[PDB]
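Notes follow once the structure below has been shown.
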Amino acid sequence: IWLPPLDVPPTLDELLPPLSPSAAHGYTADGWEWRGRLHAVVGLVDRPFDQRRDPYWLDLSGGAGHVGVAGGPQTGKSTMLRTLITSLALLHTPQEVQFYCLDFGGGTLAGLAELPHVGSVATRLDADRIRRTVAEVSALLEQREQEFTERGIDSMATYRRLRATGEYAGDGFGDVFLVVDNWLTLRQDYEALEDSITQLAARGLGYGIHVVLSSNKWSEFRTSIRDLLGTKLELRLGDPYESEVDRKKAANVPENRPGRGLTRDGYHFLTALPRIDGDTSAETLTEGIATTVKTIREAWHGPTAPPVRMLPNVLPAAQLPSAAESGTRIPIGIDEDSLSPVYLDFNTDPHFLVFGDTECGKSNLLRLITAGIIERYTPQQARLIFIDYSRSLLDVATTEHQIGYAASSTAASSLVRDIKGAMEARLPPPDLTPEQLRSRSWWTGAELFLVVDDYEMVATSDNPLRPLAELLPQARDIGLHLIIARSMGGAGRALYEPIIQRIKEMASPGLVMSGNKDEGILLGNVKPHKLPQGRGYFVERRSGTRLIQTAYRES
Amino acid sequence: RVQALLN
Ligand SMILES: Nc1ncnc2c1ncn2[C@@H]1O[C@H](COP(=O)(O)OP(=O)(O)OP(=O)(O)O)[C@@H](O)[C@H]1O
Ligand SMILES: Nc1ncnc2c1ncn2[C@@H]1O[C@H](COP(=O)(O)OP(=O)(O)OP(=O)(O)O)[C@@H](O)[C@H]1O
Ligand SMILES: [Mg+2]
Ligand SMILES: [Mg+2]
């Protein structure tokens, strides 16, 4: 009934036509009527009462677009992933298929990184790349959901037919595959990426976005996404009681012969090796691949797979939107979610607060915002006052807006006194129409921006800024603005001191940078951890918490 | 007038 156990696995060249260098389709089956129709051979299969094994093929155009792979330790999960990718790469061009890998299973997908079809591979370490890789594809899905509707794209097949012309630019992509090696490792260390990838699998198959997910056990997949995996390839399972084909058929699956697995129909299949040389051995696997990847890379002289756009180490402030296009809104950086600008609006929320450790970019951020205010406000519209003990804001305090600079504890007290008196005069009288309160009619003048750097050392026992605490929640009516930066040193117990207490109470915008988790939560829901220079969690209780990268101002 | 008050 079943064929006797094979002793050597097949290779991709065995299960494919004579391969040739094409101009320009890369090293593929030149002219084949089955090339580029999103079918892929992944090994040999033994159907009952067959006397010769047939080539195992998978159709990835349509409902079976998502692929799931299961199996116990060392059962051949990671090799199946590499075979599927290589097989697709042999029958397609980099402009037709793209791969983005999250390798949590032995980190062996790195060998396929130099494939022109692959644009990103992320190890367990590269959290920044991991978190961004998913967000990149998630943004492409949303992009196509509007691109297809604005144009005459009814189905994904139509889109491929247009790019088949060679006269259609499209969105720059083809069929995109999101590959994960250990789904358990993901949902454990990246809980947010579990639900997001799941949402990709839900409605993304009709837009050319595929998910290829691997894991030790089927139960490690939530029902929400496990059912979305149309094509399921099940290898030798520990605890076969949770098999998706048959329990008793899974218990008789050969152990210690990796590659052996079952289909949903119960057929016996064997995973082929990702080689095109002909060597059926597996102890020569690291080197088979290299030659193959090299051959695919050499034969292709066109565009490669689009890379995952990372958050820059240093973000030039010249990139952020000018005052002519942003208005009174002040861009301070871009977010990790979509690489879109992140604005500040002092007409919506008066104050702003920064937390950060040594040399994380606090003083640089204050110089940015101040320069942004200068660029957007005439000195008759907004005046500036600096409390700068460490003299770090010299570059932006030479403007005509500046009508106060305190570099000493004494100079601070002399200013706040004139400040408290000047602002108390703007306090709204008891009897006022709501329209008078809305337009701020009873007083005419400029807005007052109080910029404080290193609040940690101005907040002694006799904090000179404390006399302003009682009128801080009245800022919207008097036109007061406090922009404050502080270190992480004792920042936790600094949330109860008169000023920061009331600033945080007003749900004021702010971000936390490179702090120690010993300090506990400061703003919103984020517990601080070591971040790169300029990076911080932008907390805003309108748009929740977002990881952003702030800009760098020269000199 | 804030502009005249502090200086
Ligand atoms: N078809 C095959 N024939 C012979 N050997 C194979 C075959 N497939 C895989 N192997 C061997 O099995 C070993 C483990 O393969 P693989 O990495 O796919 O398992 P895995 O499920 O990723 O293991 P882990 O759970 O530790 O990540 C590899 O070193 C490879 O040489
Ligand atoms: N947005 C940014 N992106 C990348 N690097 C930055 C950014 N801002 C500052 N840096 C780098 O970090 C270093 C320290 O910057 P900055 O003085 O602004 O931090 P700081 O919090 O004032 O440090 P300190 O605690 O010593 O005052 C600078 O040398 C600069 O090169
Ligand atoms: Mg693995
Ligand atoms: Mg500083």
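In the structure tokens, each chain is lettered A, B, ... as it comes, each chain's residues begin at 1, and ligands are numbered from 1 in order of appearance.
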Inset, instruction - Taking only C-alpha atoms and all ligand atoms into account, report as a PyMOL selection string which residues have an atom no farther than 6 Å from an atom of ligand 3. - result: chain A and resi 77-78+105-106
The selected residues should be written to file as a compact mmCIF listing (two decimals), in the first residue's frame (atoms: N, CA, C and O atoms).
```
# COMPACT_ATOMS: atom_id res chain seq x y z
N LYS A 77 11.55 21.31 10.39
CA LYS A 77 10.72 22.49 10.18
C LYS A 77 11.46 23.56 9.38
O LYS A 77 10.97 24.03 8.35
N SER A 78 12.63 23.94 9.87
CA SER A 78 13.40 25.04 9.28
C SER A 78 13.84 24.75 7.84
O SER A 78 13.94 25.66 7.02
N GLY A 105 14.01 30.08 14.88
CA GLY A 105 14.28 28.65 14.92
C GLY A 105 15.64 28.28 14.37
O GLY A 105 15.75 27.79 13.24
N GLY A 106 16.68 28.50 15.17
CA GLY A 106 18.02 28.10 14.79
C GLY A 106 18.76 29.13 13.95
O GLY A 106 19.94 28.94 13.64
```
Inset, instruction - Find the residues near residue 1 in chain B: any atom within 10 Å, counting only C-alpha atoms, skip ones fewer than 2 places away on the same chain, and give them as number ranges by chain. - result: A: 380, 422, 443-446; B: 3-6
Taking only C-alpha atoms and all ligand atoms into account, produce a table as a tab-separated table in which each residue of chain A with an atom at most 7 Å from an atom of ligand 2 appears once, together with its shortest atom pair and the distance in Å to one decimal, ordered by chain and rising number.
```
residue	atom	partner	partner_atom_place_in_ligand_line	distance
A:313	CA	ligand 2	4 (C)	5.8
A:314	CA	ligand 2	4 (C)	4.2
A:315	CA	ligand 2	3 (N)	5.8
A:356	CA	ligand 2	21 (O)	6.6
A:357	CA	ligand 2	25 (O)	6.3
A:358	CA	ligand 2	25 (O)	3.9
A:359	CA	ligand 2	23 (O)	3.2
A:360	CA	ligand 2	21 (O)	4.7
A:361	CA	ligand 2	19 (O)	3.3
A:362	CA	ligand 2	21 (O)	3.7
A:363	CA	ligand 2	22 (O)	3.7
A:364	CA	ligand 2	18 (O)	3.5
A:365	CA	ligand 2	18 (O)	6.5
A:533	CA	ligand 2	5 (N)	4.7
A:534	CA	ligand 2	1 (N)	3.8
A:549	CA	ligand 2	1 (N)	6.9
A:550	CA	ligand 2	1 (N)	4.6
A:551	CA	ligand 2	1 (N)	4.1
A:552	CA	ligand 2	1 (N)	4.0
```
May I have the residues from that selection written out with C-alpha atoms, as a JSON list (two decimals), in the first residue's frame?
```json
[["chain", "number", "residue", "atom", "x", "y", "z"],
["A", 313, "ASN", "CA", 20.51, 56.21, 14.03],
["A", 314, "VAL", "CA", 20.61, 59.94, 13.36],
["A", 315, "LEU", "CA", 17.52, 61.63, 11.92],
["A", 356, "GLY", "CA", 15.96, 60.57, 29.87],
["A", 357, "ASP", "CA", 19.27, 59.32, 31.25],
["A", 358, "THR", "CA", 22.80, 60.63, 30.66],
["A", 359, "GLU", "CA", 23.47, 61.78, 27.09],
["A", 360, "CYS", "CA", 20.29, 60.41, 25.51],
["A", 361, "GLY", "CA", 19.34, 63.62, 23.71],
["A", 362, "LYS", "CA", 17.30, 65.71, 26.15],
["A", 363, "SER", "CA", 19.01, 69.06, 25.59],
["A", 364, "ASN", "CA", 19.00, 68.42, 21.84],
["A", 365, "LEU", "CA", 15.23, 67.93, 21.84],
["A", 533, "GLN", "CA", 20.30, 58.13, 21.34],
["A", 534, "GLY", "CA", 17.31, 60.22, 20.30],
["A", 549, "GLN", "CA", 12.90, 58.73, 16.84],
["A", 550, "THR", "CA", 13.58, 62.42, 17.47],
["A", 551, "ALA", "CA", 15.58, 64.61, 15.10],
["A", 552, "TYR", "CA", 19.11, 65.98, 15.47]]
```
What are the nearest atom pairs, with distances in Å to one decimal, for all residues of chain A that come at most 7 Å from ligand 1, using only C-alpha atoms and all ligand atoms, set out by chain and rising residue number as CSV?
```
residue,atom,partner,partner_atom_place_in_ligand_line,distance
A:8,CA,ligand 1,3 (N),6.8
A:9,CA,ligand 1,1 (N),5.2
A:71,CA,ligand 1,21 (O),6.5
A:72,CA,ligand 1,25 (O),6.2
A:73,CA,ligand 1,25 (O),3.8
A:74,CA,ligand 1,23 (O),3.3
A:75,CA,ligand 1,21 (O),4.5
A:76,CA,ligand 1,18 (O),2.9
A:77,CA,ligand 1,21 (O),3.8
A:78,CA,ligand 1,18 (O),3.7
A:79,CA,ligand 1,18 (O),3.8
A:80,CA,ligand 1,18 (O),6.3
A:105,CA,ligand 1,27 (O),4.4
A:106,CA,ligand 1,27 (O),5.0
A:216,CA,ligand 1,25 (O),6.8
A:257,CA,ligand 1,4 (C),6.8
A:258,CA,ligand 1,8 (N),4.8
A:259,CA,ligand 1,1 (N),4.0
A:270,CA,ligand 1,1 (N),6.4
A:271,CA,ligand 1,1 (N),5.0
A:272,CA,ligand 1,1 (N),5.5
A:273,CA,ligand 1,1 (N),5.9
A:281,CA,ligand 1,4 (C),6.9
A:282,CA,ligand 1,5 (N),4.9
A:283,CA,ligand 1,31 (O),5.9
A:285,CA,ligand 1,31 (O),6.3
```
Inset, instruction - Quick one: everything within 10 Å of residue 98 in chain A, counting only C-alpha atoms, minus sequence neighbours fewer than 2 positions away in the same chain. Send it as a VMD selection string. - result: chain A and resid 85 88 to 89 92 to 96 100 115 to 120 173 to 178 209 to 210 304 to 307
May I have the residues from that selection written out with C-alpha atoms, as a short mmCIF file (atom, residue, chain, number, x, y, z; two decimals), in the first residue's frame?
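Ended up saving to selection34.cif:
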```cif
data_model
loop_
_atom_site.label_atom_id
_atom_site.label_comp_id
_atom_site.auth_asym_id
_atom_site.auth_seq_id
_atom_site.Cartn_x
_atom_site.Cartn_y
_atom_site.Cartn_z
CA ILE A 85 11.46 29.82 -0.46
CA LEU A 88 9.49 29.75 -5.32
CA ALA A 89 12.73 31.58 -6.12
CA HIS A 92 9.82 33.26 -10.04
CA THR A 93 11.68 36.57 -10.28
CA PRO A 94 12.45 38.96 -7.38
CA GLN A 95 9.86 41.34 -8.87
CA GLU A 96 7.22 38.60 -8.60
CA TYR A 100 10.71 38.80 4.84
CA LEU A 115 18.79 35.87 -2.40
CA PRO A 116 17.46 38.77 -4.50
CA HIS A 117 13.98 37.53 -3.55
CA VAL A 118 14.73 38.12 0.14
CA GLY A 119 14.82 41.64 1.58
CA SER A 120 15.14 41.00 5.32
CA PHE A 173 5.93 44.92 -4.82
CA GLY A 174 4.63 41.59 -6.06
CA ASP A 175 3.53 38.74 -3.82
CA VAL A 176 4.94 39.30 -0.34
CA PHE A 177 5.65 36.43 2.07
CA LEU A 178 6.01 37.01 5.81
CA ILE A 209 0.28 39.34 1.41
CA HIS A 210 1.09 35.81 2.60
CA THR A 304 16.11 43.13 -5.85
CA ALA A 305 13.57 42.76 -3.05
CA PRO A 306 12.69 46.04 -1.26
CA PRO A 307 14.41 46.30 2.15
#
```
Could you please tell me, as a CSV table (one decimal) with N, CA and C atoms, in the first residue's frame, which residues of chain A have an atom within 12 Å of chain B when using only C-alpha atoms?
```csv
chain,number,residue,atom,x,y,z
A,379,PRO,N,8.1,87.1,17.5
A,379,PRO,CA,8.4,87.5,18.9
A,379,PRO,C,7.2,88.2,19.5
A,380,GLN,N,6.3,88.8,18.7
A,380,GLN,CA,5.1,89.5,19.2
A,380,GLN,C,4.0,88.5,19.5
A,381,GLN,N,4.2,87.3,19.0
A,381,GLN,CA,3.2,86.2,19.2
A,381,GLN,C,3.6,85.2,20.3
A,382,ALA,N,4.9,85.0,20.4
A,382,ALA,CA,5.4,84.1,21.5
A,382,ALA,C,6.8,84.6,22.0
A,383,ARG,N,6.9,84.7,23.3
A,383,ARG,CA,8.1,85.1,23.9
A,383,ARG,C,8.7,83.9,24.7
A,384,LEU,N,10.0,83.8,24.8
A,384,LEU,CA,10.7,82.7,25.4
A,384,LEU,C,11.5,83.1,26.6
A,385,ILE,N,11.4,82.2,27.6
A,385,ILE,CA,12.2,82.3,28.8
A,385,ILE,C,12.9,81.0,29.2
A,400,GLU,N,15.2,87.2,19.3
A,400,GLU,CA,14.5,88.3,19.8
A,400,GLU,C,13.4,87.9,20.7
A,401,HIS,N,12.9,86.6,20.6
A,401,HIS,CA,11.9,86.1,21.4
A,401,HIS,C,12.3,86.0,22.9
A,402,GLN,N,13.6,85.8,23.1
A,402,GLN,CA,14.1,85.6,24.4
A,402,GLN,C,14.0,86.9,25.2
A,403,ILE,N,13.3,86.8,26.4
A,403,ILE,CA,13.2,87.9,27.3
A,403,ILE,C,13.6,87.5,28.7
A,404,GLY,N,14.4,86.4,28.8
A,404,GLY,CA,14.8,85.9,30.1
A,404,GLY,C,15.7,84.7,30.0
A,405,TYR,N,16.8,84.7,30.7
A,405,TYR,CA,17.7,83.6,30.7
A,405,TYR,C,18.3,83.4,32.1
A,414,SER,N,14.4,85.5,40.4
A,414,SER,CA,14.1,86.8,39.9
A,414,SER,C,13.2,86.8,38.7
A,415,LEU,N,13.2,85.7,38.0
A,415,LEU,CA,12.4,85.6,36.8
A,415,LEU,C,10.9,85.1,37.1
A,416,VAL,N,10.9,84.1,37.9
A,416,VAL,CA,9.6,83.5,38.2
A,416,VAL,C,8.7,84.5,39.0
A,417,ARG,N,9.3,85.4,39.7
A,417,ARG,CA,8.6,86.4,40.4
A,417,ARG,C,7.9,87.4,39.4
A,418,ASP,N,8.6,87.8,38.4
A,418,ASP,CA,8.1,88.6,37.3
A,418,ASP,C,7.1,87.8,36.4
A,419,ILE,N,7.3,86.5,36.4
A,419,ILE,CA,6.5,85.6,35.6
A,419,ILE,C,5.1,85.4,36.4
A,420,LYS,N,5.2,85.1,37.6
A,420,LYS,CA,4.0,84.8,38.4
A,420,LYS,C,3.1,86.0,38.4
A,421,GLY,N,3.7,87.2,38.5
A,421,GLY,CA,2.9,88.5,38.5
A,421,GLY,C,2.3,88.7,37.2
A,422,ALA,N,3.1,88.5,36.1
A,422,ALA,CA,2.6,88.7,34.7
A,422,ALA,C,1.5,87.8,34.3
A,423,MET,N,1.5,86.5,34.8
A,423,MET,CA,0.5,85.5,34.4
A,423,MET,C,-0.7,85.6,35.3
A,425,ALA,N,-2.1,88.1,36.2
A,425,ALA,CA,-2.9,89.2,35.7
A,425,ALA,C,-3.8,88.8,34.6
A,426,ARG,N,-3.5,87.6,34.0
A,426,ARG,CA,-4.3,87.1,32.9
A,426,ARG,C,-5.3,86.1,33.4
A,443,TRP,N,-7.7,89.5,27.7
A,443,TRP,CA,-6.3,89.9,27.7
A,443,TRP,C,-5.7,89.8,26.3
A,444,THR,N,-4.9,90.7,25.9
A,444,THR,CA,-4.2,90.7,24.6
A,444,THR,C,-2.7,90.7,24.9
A,445,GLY,N,-2.0,89.9,24.1
A,445,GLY,CA,-0.6,89.8,24.3
A,445,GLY,C,0.0,88.6,23.6
A,446,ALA,N,1.2,88.2,24.0
A,446,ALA,CA,1.9,87.1,23.4
A,446,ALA,C,1.9,85.9,24.4
A,447,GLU,N,2.1,84.7,23.8
A,447,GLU,CA,2.2,83.5,24.6
A,447,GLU,C,3.6,83.4,25.3
A,448,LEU,N,3.6,82.7,26.4
A,448,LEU,CA,4.8,82.6,27.2
A,448,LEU,C,5.3,81.2,27.3
A,449,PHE,N,6.5,80.9,26.6
A,449,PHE,CA,7.1,79.6,26.6
A,449,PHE,C,8.2,79.5,27.6
A,478,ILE,N,-4.5,81.5,30.1
A,478,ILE,CA,-3.6,82.6,30.3
A,478,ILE,C,-2.4,82.5,29.3
A,479,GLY,N,-2.3,81.4,28.5
A,479,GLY,CA,-1.3,81.3,27.5
A,479,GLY,C,0.1,81.0,28.0
A,480,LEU,N,0.2,80.1,29.0
A,480,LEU,CA,1.4,79.7,29.6
A,480,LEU,C,1.9,78.3,29.0
```
Inset, instruction - Can you list, as JSON, numbers by chain, all residues belonging to range 358-390 of chain A that DSSP tags as strand (DSSP E)? - result: {"A": [382, 383, 384, 385, 386, 387]}
Inset, instruction - Pick out the closest residue to residue 465 in chain A from this set: A:235, A:436, A:411, A:507. Count only C-alpha atoms. - result: A:411
Inset, instruction - Could you tell me, as a list in words, which residues of chain B DSSP assigns to alpha helix (DSSP H) when given the backbone? - result: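 Going through chain B, the alpha helix (DSSP H) residues come out as residues 2, 3, 4 and 5 of chain B.
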Inset, instruction - Considering only C-alpha atoms, return as a list in words whatever protein or nucleic-acid residues lie within 9 Å of range 545-548 of chain A, sequence-local ones (same chain, fewer than 6 positions apart) excluded. - result: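 The neighbour list is residues 311, 333, 334, 335, 336, 337, 339, 342, 511, 524, 525, 526, 534, 535, 536, 537, 538 and 539 of chain A.
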Inset, instruction - Rounded to one decimal place, report the CA of residue 319 in chain A-CA of residue 370 in chain A distance in Å. - result: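 Distance reported for this atom pair: 17.0 Å.
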